[PDB]
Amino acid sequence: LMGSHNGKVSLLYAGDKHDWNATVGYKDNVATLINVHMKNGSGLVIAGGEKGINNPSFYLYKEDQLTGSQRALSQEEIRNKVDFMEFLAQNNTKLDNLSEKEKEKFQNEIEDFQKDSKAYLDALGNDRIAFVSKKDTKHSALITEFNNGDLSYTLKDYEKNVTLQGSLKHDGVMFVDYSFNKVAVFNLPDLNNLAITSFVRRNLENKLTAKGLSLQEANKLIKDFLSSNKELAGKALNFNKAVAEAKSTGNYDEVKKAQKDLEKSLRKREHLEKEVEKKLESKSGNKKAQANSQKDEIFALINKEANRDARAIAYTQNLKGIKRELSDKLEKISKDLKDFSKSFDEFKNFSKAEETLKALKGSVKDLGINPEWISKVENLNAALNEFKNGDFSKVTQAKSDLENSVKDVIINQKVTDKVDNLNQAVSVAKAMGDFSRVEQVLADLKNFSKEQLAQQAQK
């Protein structure tokens, strides 16, 4: 049993099956700061935004499936919910690239996420979570932070203090914060606009020379930057690979090593910077600090173009994922409508329709907000409840209205998608000279039209 004592700061406590104790802080009375202390020596800290911690219970309690009773999460169960949240933080809040071992590990946290994602996404999105790990043999621990849904790793030894936040995969950019200076690292491929004979590289060259620099000095720096960035990115991803292994080993010597390896490259970037400041200093002779601010303006320019490309690449991938996800949902919705337009078509000429409409209703709700499909469903529900206590012509009308409404939206996206392919195909084919792929898209669009003209002709 547990008890809360007030003296706004309250205290949660009870130890044996008693794994933790917390200190909840209040303001205008809403929770603003939870503070979990576990027997492990591991720590959890939650900090609410302007609106404060919503559902503080989420971080401390679970609903027992066998009893219905509220049960306190174990220091293990806590760590695991953080591990699960860390997963989502790394994979743009989606459950796609979930490994089989991760599917074993997260089963329960997957189970409840599946019931209601809100609790998880709201937490991840709105609150400031900080988890400190159980101190390893060498007296070190790892703080795993979550801000604007953004993960941040930081190793603490109980001095060159280094923290790294961001997703290269999903944001296109990530950051290295070290004792204090911040470094932007971009996930751009080898053949990027900054590396190519682009209008962008053209202008980048024009602006670097104009700020007191030789064309061969500017172009050297561009490649030095792109080279530095790429090295940093690898070293960054390396710290993550260490952290991921550490998760199971329980040791931070490898993460310590990865930080040192990363630090090497961070100093390399420092050397690259001062060199520009020098090759700028020995150029006007009136003073040092003007050559520093002028160096900063130059790097800003490069980082600006690097950010624009990396995020645009990242945006396009994330969008591609949404357009696929929606297409899949609609394909599912189309199946549920194909079956309900058979179950009702057999009833019209005992009832089977009740479950197919029950499946379709769920399929539509799964997609998201469409208040005209909710209105179209209540119209069917109203016309159905009015046949029990009366014409069936008012029943078939609301059916065909709902059937037509969803089928038109389904057709509009399926055509949009196909044409967007053709657009790309045509754009690529007239650049490489091979229209063999545009022929494919066309023959598919023809076949889709025939399929849809035949389905219009079967009314």
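Residue numbers here begin at 1 and follow the sequence given.
Chemist: As recorded in the PDB entry, how many deposited residues are without coordinates between residue 442 and residue 443: none, 1 to 3, 4 to 9, or 10 or more?
Modeler: The entry leaves nothing out here.
Chemist: Would you class the number of unmodelled deposited residues between residue 7 and residue 8 as none, 1 to 3, 4 to 9, or 10 or more?
Modeler: Per the deposited record, the segment joining residue 7 and residue 8 lacks coordinates for 4 to 9 residues.
Chemist: Read off the CA B-factors in the entry, average them over 86-94 and over 334-342, and name the higher stretch.
Modeler: Taking the mean C-alpha B-factor of 86-94 and of 334-342, the larger value falls to 334-342.
Chemist: Can you tell me whether 396-404 has a higher mean C-alpha B factor than 34-42 in this record, or the other way round?
Modeler: According to the entry, 396-404 carries the higher average C-alpha B-factor.
Chemist: Just the C-alpha B-factor column, please: which of 352, 81, 235, 134 has the biggest number?
Modeler: 352 has the highest C-alpha B-factor of those listed.
Chemist: Say you rank 375, 126, 307, 75 by Cα B-factor from the PDB entry; which sits at the top?
Modeler: The C-alpha B-factor peaks, among 375, 126, 307, 75, at 375.
Chemist: For residue 417, does the deposited CA B-factor place it in the lowest, middle or highest third of the chain?
Modeler: According to the entry, residue 417 has a C-alpha B-factor in the chain's lowest third.
Chemist: Grab the CA temperature factor for residue 23 from the record and place it in the lowest, middle or highest third of its chain.
Modeler: It falls in the bottom third of the chain.
Chemist: Per the entry's values, where does residue 263 land by CA temperature factor relative to the rest of its chain, in the lowest, middle or highest third?
Modeler: CA B-factor rank for residue 263: middle third.
Chemist: Determine, from the deposited record, the chain-internal third of the Cα B-factor for residue 410: lowest, middle or highest.
Modeler: CA B-factor rank for residue 410: middle third.
Chemist: For residue 169, return the chain-relative third of its C-alpha B-factor as stated in the PDB record: lowest, middle or highest.
Modeler: Bottom third by C-alpha B-factor.
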